[PDB]
């Protein structure tokens, strides 16, 4: 299975941007299986 | 400022998002 | 709405940003 | 040299987010040469 990694992000706005991207990529993951 | 953490699935995805993240940090630093 | 264009240098970078872009579109569509 | 590609982006906020990312990546390009 996938290994998980943690990224340190500077700034709330940047965090929210990268979090939204990550959440979207994970939704794509869910449709693949 | 306290920094945030984001947990990412997959090495390639992590490396991509890390590259983006660090490039954004560089852009801030180069502006001054 | 009129959509925007962004010009990107490099196939790998383009594919990465396109994947992100389309995943965001999917997230919108799945919310309703 | 690099080939350029155009991406169609839906929504101004998303455009600004991806544009900022792209601009940052290109700045990194400039420091490599």
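Compute the normalised compactness of the protein assembly as shown: alpha-carbon radius of gyration over 2.2 N^0.38 Å, N being the residue count.
Numbers: Rg = 14.7 Å, N = 130, 2.2 N^0.38 = 14.0 Å.
It is 1.05.
Applying 1/(1 + (r/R0)^6) with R0 = 35 Å to the Cβ-Cβ distance of residue A:4 and residue C:15, what FRET efficiency is obtained, to the nearest 0.05?
Working: r = 23 Å, r/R0 = 0.66.
Given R0 = 35 Å and the Cβ-Cβ separation, E is 0.95.
Helix-only mean residue ellipticity at 222 nm, the protein assembly as shown, DSSP H runs n ≥ 4 weighted -39,500 (n - 2.57), per residue, nearest 500. What is it? Present the calculation step by step, with values, prior to reporting the outcome.
On the way: 4 runs with 84 residues, N = 130.
That calculation yields -22500 deg cm²/dmol at 222 nm.
How much FRET efficiency would the formula 1/(1 + (r/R0)^6) give for residue B:1 and residue A:23, where r is the Cβ-Cβ distance and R0 is 25 Å, rounded to 0.05? Kindly include the intermediate steps, with their values, before the conclusion.
Details: r = 23 Å, r/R0 = 0.92.
That pair, residue B:1 with residue A:23, gives E of 0.60.
FYI, it's all coordinate maths here, none of it is from the lab. Reconstructed Cβ throughout: ideal geometry from the backbone, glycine too, with neighbour counts over all protein chains shown.
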